[PDB]
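Structure record follows, encoded as structure tokens.
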Amino acid sequence: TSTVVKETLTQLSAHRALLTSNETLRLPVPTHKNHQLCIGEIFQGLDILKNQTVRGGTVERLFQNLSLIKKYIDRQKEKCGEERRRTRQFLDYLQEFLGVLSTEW
Amino acid sequence: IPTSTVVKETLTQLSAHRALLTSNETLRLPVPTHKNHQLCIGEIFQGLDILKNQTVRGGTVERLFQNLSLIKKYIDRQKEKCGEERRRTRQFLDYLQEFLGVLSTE
């Protein structure tokens, strides 16, 4: 899933009037730009958006694509605790998590 | 308040307690296959926890454990800030577009 992203971004733009058409719908919007932290809310709002948007159009194109991206990230997430290693290499990982967190705000 | 340079102190204590912490060699802890830390916060602090529960307690290492505990809470609060504010669809779509936008960097 490499630039099925640029296709997903083009489909989004091109279906903005349709999706934007419900003005009653309120969805979760993170207060910040740590997107990775908020994947649950992003994809569950996307979900509500779907069960209320009229189906079958060329939006299906958008919807399967995001579905793919969702899958990708369900896999990324399994990759978090699937491998157990030794305490050195876990410390290493925490060290460098901690090292990038100095900038994450 | 946002933990700022409690990060460097945590970094310094980590290093300084690496002999003790790495002293159990039978211990196997979850380590993420990739560097997308924030998608993995759960697994990070579950491993830290297992590690705690068999590191001997009371030492200078408590410093290190309250420090991460502090960071944990700050992230528990970032995570509550995901769904706390509900806005309208275009500002949701804005945030989606720009999430997808930094996702092409891989």
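Numbering starts fresh at 1 for the residues of each chain in the structure tokens, the chains themselves are lettered A, B, ... in the order given, and ligands are numbered from 1 as they appear.
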Spatial neighbours of residue 101 of chain A, 12 Å, only C-alpha atoms, chain gap at least 4 places, as a compact mmCIF listing (two decimals) with N, CA, C and O atoms, in the first residue's frame:
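Now in out08.txt:
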```txt
# COMPACT_ATOMS: atom_id res chain seq x y z
N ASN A 34 -0.78 13.71 16.30
CA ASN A 34 -0.20 12.40 16.48
C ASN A 34 -1.29 11.38 16.05
O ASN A 34 -2.09 10.84 16.85
N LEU A 94 13.11 1.28 23.79
CA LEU A 94 12.46 2.26 24.72
C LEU A 94 13.31 3.51 24.73
O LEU A 94 12.80 4.60 24.73
N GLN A 95 14.61 3.31 24.72
CA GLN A 95 15.61 4.37 24.63
C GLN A 95 15.31 5.32 23.47
O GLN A 95 15.23 6.52 23.61
N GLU A 96 15.15 4.73 22.31
CA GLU A 96 14.89 5.46 21.10
C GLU A 96 13.43 5.93 20.88
O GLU A 96 13.24 6.87 20.11
N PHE A 97 12.45 5.27 21.52
CA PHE A 97 11.11 5.80 21.61
C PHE A 97 11.21 7.14 22.39
O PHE A 97 10.90 8.21 21.89
N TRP A 105 5.97 16.91 20.55
CA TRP A 105 5.08 18.01 20.93
C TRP A 105 5.79 19.36 20.80
O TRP A 105 5.91 19.89 19.69
N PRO B 2 2.77 19.21 30.40
CA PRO B 2 3.64 18.44 29.48
C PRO B 2 5.12 18.23 29.91
O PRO B 2 5.96 19.11 29.72
N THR B 3 5.38 17.08 30.52
CA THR B 3 6.70 16.45 30.64
C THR B 3 7.62 16.82 29.47
O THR B 3 7.36 16.41 28.32
N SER B 4 8.70 17.55 29.77
CA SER B 4 9.53 18.21 28.74
C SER B 4 10.98 17.70 28.58
O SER B 4 11.46 17.45 27.47
N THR B 5 11.66 17.62 29.73
CA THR B 5 13.11 17.39 29.89
C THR B 5 13.24 16.47 31.10
O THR B 5 14.33 16.23 31.61
N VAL B 6 12.08 16.03 31.57
CA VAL B 6 11.90 14.83 32.37
C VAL B 6 12.18 13.64 31.44
O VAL B 6 12.25 12.48 31.88
N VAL B 7 12.34 13.95 30.14
CA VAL B 7 12.67 12.95 29.15
C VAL B 7 14.17 12.67 29.15
O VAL B 7 14.57 11.51 29.21
N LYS B 8 14.99 13.72 29.16
CA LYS B 8 16.43 13.53 29.25
C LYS B 8 16.88 12.86 30.56
O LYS B 8 17.87 12.13 30.59
N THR B 10 15.00 10.78 32.34
CA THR B 10 14.55 9.39 32.10
C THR B 10 15.56 8.64 31.20
O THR B 10 15.84 7.45 31.39
N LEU B 11 16.11 9.36 30.23
CA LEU B 11 17.11 8.80 29.32
C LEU B 11 18.44 8.44 30.05
O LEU B 11 19.09 7.42 29.76
N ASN B 36 7.17 2.87 14.58
CA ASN B 36 6.02 3.71 14.67
C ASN B 36 5.49 3.61 16.08
O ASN B 36 4.52 2.92 16.36
N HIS B 37 6.17 4.32 16.95
CA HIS B 37 6.12 4.13 18.37
C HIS B 37 4.72 4.30 18.92
O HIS B 37 4.31 3.56 19.84
N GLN B 38 4.00 5.29 18.38
CA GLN B 38 2.75 5.74 19.00
C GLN B 38 1.60 4.81 18.66
O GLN B 38 0.54 4.87 19.28
N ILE B 41 2.01 1.94 21.81
CA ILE B 41 2.21 2.45 23.18
C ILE B 41 1.81 1.39 24.20
O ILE B 41 2.39 1.30 25.30
N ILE B 71 5.38 9.85 32.04
CA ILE B 71 5.19 9.92 30.61
C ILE B 71 3.95 9.12 30.18
O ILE B 71 3.19 9.57 29.30
N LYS B 72 3.74 7.96 30.80
CA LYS B 72 2.60 7.10 30.52
C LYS B 72 1.31 7.93 30.61
O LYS B 72 0.53 8.03 29.62
N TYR B 74 0.91 11.25 30.71
CA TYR B 74 0.81 12.24 29.69
C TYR B 74 0.31 11.66 28.36
O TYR B 74 -0.54 12.26 27.70
N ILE B 75 0.78 10.49 27.97
CA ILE B 75 0.21 9.86 26.77
C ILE B 75 -1.25 9.36 26.94
O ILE B 75 -2.07 9.49 26.03
```
Residues of chain A classed as alpha helix (DSSP H) by DSSP on the backbone are to be reported as a count of residues only.
62
Find the nearest atom pair between each residue of chain A and chain B for residues within 7 Å, count only C-alpha atoms, give distances in Å to one decimal, sort rows by chain and ascending number, and present the table as CSV.
```
residue,atom,partner,partner_atom,distance
A:2,CA,B:104,CA,6.9
A:5,CA,B:104,CA,6.5
A:9,CA,B:97,CA,6.7
A:20,CA,B:89,CA,5.9
A:25,CA,B:88,CA,6.4
A:26,CA,B:88,CA,4.8
A:27,CA,B:86,CA,5.1
A:28,CA,B:86,CA,4.4
A:29,CA,B:92,CA,5.5
A:30,CA,B:82,CA,4.0
A:31,CA,B:81,CA,5.7
A:35,CA,B:99,CA,6.1
A:36,CA,B:39,CA,5.0
A:37,CA,B:38,CA,5.2
A:38,CA,B:82,CA,5.5
A:41,CA,B:83,CA,6.1
A:77,CA,B:39,CA,6.4
A:79,CA,B:33,CA,5.5
A:80,CA,B:32,CA,3.9
A:81,CA,B:30,CA,4.5
A:82,CA,B:30,CA,6.6
A:83,CA,B:30,CA,5.5
A:84,CA,B:30,CA,4.1
A:85,CA,B:28,CA,5.0
A:86,CA,B:28,CA,5.1
A:87,CA,B:22,CA,5.2
A:88,CA,B:22,CA,5.8
A:90,CA,B:31,CA,5.6
A:95,CA,B:11,CA,6.6
A:97,CA,B:37,CA,6.2
A:98,CA,B:7,CA,6.7
A:102,CA,B:7,CA,6.6
```
Deliver the residues from the most recent selection as a file, using N, CA and C atoms, as a short mmCIF file (atom, residue, chain, number, x, y, z; two decimals), in the first residue's frame.
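File written: out_3.cif
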```cif
data_model
loop_
_atom_site.label_atom_id
_atom_site.label_comp_id
_atom_site.auth_asym_id
_atom_site.auth_seq_id
_atom_site.Cartn_x
_atom_site.Cartn_y
_atom_site.Cartn_z
N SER A 2 1.32 1.67 -1.19
CA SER A 2 2.41 2.65 -1.30
C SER A 2 1.94 4.01 -1.87
N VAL A 5 -2.08 5.49 -1.86
CA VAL A 5 -2.33 6.65 -0.97
C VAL A 5 -2.69 7.91 -1.79
N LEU A 9 -6.20 9.86 -1.80
CA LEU A 9 -6.25 11.30 -1.57
C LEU A 9 -6.99 12.06 -2.68
N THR A 20 -19.37 15.61 2.65
CA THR A 20 -19.66 16.85 3.33
C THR A 20 -21.16 17.14 3.32
N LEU A 25 -24.00 15.49 10.93
CA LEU A 25 -23.06 14.52 11.45
C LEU A 25 -21.87 15.17 12.14
N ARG A 26 -21.63 14.77 13.38
CA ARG A 26 -20.44 15.22 14.13
C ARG A 26 -19.52 14.03 14.34
N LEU A 27 -18.25 14.12 13.94
CA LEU A 27 -17.32 12.96 14.15
C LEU A 27 -16.11 13.33 15.02
N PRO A 28 -15.42 12.31 15.58
CA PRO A 28 -14.26 12.64 16.41
C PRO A 28 -13.20 13.29 15.54
N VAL A 29 -12.60 14.36 16.05
CA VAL A 29 -11.43 14.97 15.44
C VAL A 29 -10.38 15.23 16.52
N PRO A 30 -9.29 14.41 16.52
CA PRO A 30 -8.18 14.66 17.44
C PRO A 30 -7.84 16.14 17.62
N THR A 31 -7.38 16.46 18.83
CA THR A 31 -6.95 17.81 19.15
C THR A 31 -5.48 18.05 18.72
N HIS A 35 -1.32 11.17 14.75
CA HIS A 35 -2.35 10.43 14.08
C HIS A 35 -2.34 8.98 14.48
N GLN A 36 -1.12 8.46 14.67
CA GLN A 36 -0.85 7.06 14.99
C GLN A 36 -1.50 6.69 16.28
N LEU A 37 -1.56 7.66 17.20
CA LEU A 37 -2.12 7.46 18.54
C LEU A 37 -3.62 7.31 18.51
N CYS A 38 -4.21 7.88 17.46
CA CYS A 38 -5.64 7.97 17.33
C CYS A 38 -6.27 7.18 16.20
N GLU A 41 -10.28 5.96 16.76
CA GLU A 41 -11.22 7.05 16.48
C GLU A 41 -11.32 7.49 14.98
N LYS A 77 0.13 -2.90 13.68
CA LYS A 77 -0.26 -2.98 15.09
C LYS A 77 0.05 -4.35 15.72
N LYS A 79 2.41 -6.12 14.65
CA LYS A 79 3.88 -6.07 14.68
C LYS A 79 4.46 -5.41 15.93
N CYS A 80 3.62 -4.77 16.73
CA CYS A 80 4.03 -4.20 18.01
C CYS A 80 4.46 -5.27 19.09
N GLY A 81 3.71 -6.37 19.25
CA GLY A 81 3.97 -7.31 20.37
C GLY A 81 4.09 -8.76 19.96
N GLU A 82 4.24 -8.98 18.66
CA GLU A 82 4.33 -10.30 18.06
C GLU A 82 5.70 -10.98 18.29
N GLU A 83 6.76 -10.16 18.21
CA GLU A 83 8.12 -10.57 18.51
C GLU A 83 8.53 -10.21 19.98
N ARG A 84 8.95 -11.23 20.73
CA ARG A 84 9.54 -10.99 22.02
C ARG A 84 11.04 -11.16 21.80
N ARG A 85 11.81 -10.27 22.39
CA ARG A 85 13.24 -10.40 22.36
C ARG A 85 13.77 -10.23 23.78
N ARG A 86 15.08 -10.10 23.88
CA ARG A 86 15.78 -9.95 25.15
C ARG A 86 15.80 -8.51 25.64
N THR A 87 16.01 -8.34 26.95
CA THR A 87 15.86 -7.05 27.65
C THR A 87 16.77 -5.93 27.08
N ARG A 88 17.89 -6.30 26.51
CA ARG A 88 18.75 -5.31 25.92
C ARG A 88 18.01 -4.63 24.78
N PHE A 90 14.96 -4.55 24.05
CA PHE A 90 13.69 -3.91 24.38
C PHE A 90 14.00 -2.54 24.95
N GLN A 95 14.61 3.31 24.72
CA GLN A 95 15.61 4.37 24.63
C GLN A 95 15.31 5.32 23.47
N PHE A 97 12.45 5.27 21.52
CA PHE A 97 11.11 5.80 21.61
C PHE A 97 11.21 7.14 22.39
N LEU A 98 11.71 7.04 23.62
CA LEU A 98 12.01 8.18 24.48
C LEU A 98 12.81 9.31 23.81
N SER A 102 10.93 13.65 22.72
CA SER A 102 11.42 15.01 22.96
C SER A 102 10.96 16.04 21.92
#
```
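Taking only C-alpha atoms into account, residue 52 of chain A lies nearest to A:18 out of the set A:73, A:18, A:68, A:100.
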Report the distance between atom CA of residue 60 of chain A and atom CA of residue 11 of chain A in Å, rounded to one decimal place.
9.6 Å
Residues near residue 61 of chain B, cut-off 10 Å, only C-alpha atoms, skip fewer than 5 positions along chain, as a ChimeraX atom specification:
/B:13-14,16-17,20-21,52,55-56,66-67
Just list as an mmCIF file with N, CA and C atoms, in the first residue's frame whatever in chain B DSSP marks as strand (DSSP E).
```
data_model
loop_
_atom_site.group_PDB
_atom_site.id
_atom_site.type_symbol
_atom_site.label_atom_id
_atom_site.label_comp_id
_atom_site.auth_asym_id
_atom_site.auth_seq_id
_atom_site.Cartn_x
_atom_site.Cartn_y
_atom_site.Cartn_z
ATOM 1 N N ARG B 28 11.873 -12.552 28.092
ATOM 2 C CA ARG B 28 11.502 -12.160 26.738
ATOM 3 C C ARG B 28 10.363 -11.120 26.726
ATOM 4 N N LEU B 29 10.650 -9.935 26.198
ATOM 5 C CA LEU B 29 9.719 -8.784 26.143
ATOM 6 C C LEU B 29 9.256 -8.418 24.704
ATOM 7 N N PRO B 30 7.984 -8.005 24.522
ATOM 8 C CA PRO B 30 7.531 -7.596 23.141
ATOM 9 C C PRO B 30 8.386 -6.430 22.643
ATOM 10 N N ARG B 86 -15.733 16.529 19.305
ATOM 11 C CA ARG B 86 -16.422 16.128 18.107
ATOM 12 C C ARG B 86 -16.634 17.409 17.339
ATOM 13 N N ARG B 87 -16.229 17.413 16.068
ATOM 14 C CA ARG B 87 -16.426 18.560 15.177
ATOM 15 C C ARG B 87 -17.220 18.130 13.940
ATOM 16 N N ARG B 88 -17.412 19.047 13.000
ATOM 17 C CA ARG B 88 -18.190 18.728 11.809
ATOM 18 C C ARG B 88 -17.349 18.074 10.715
#
```
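For the pair atom CA of residue 70 of chain A and atom CA of residue 21 of chain A, the separation is 23.9 Å.
Between atom CA of residue 65 of chain B and atom CA of residue 39 of chain A there is a distance of 27.7 Å.
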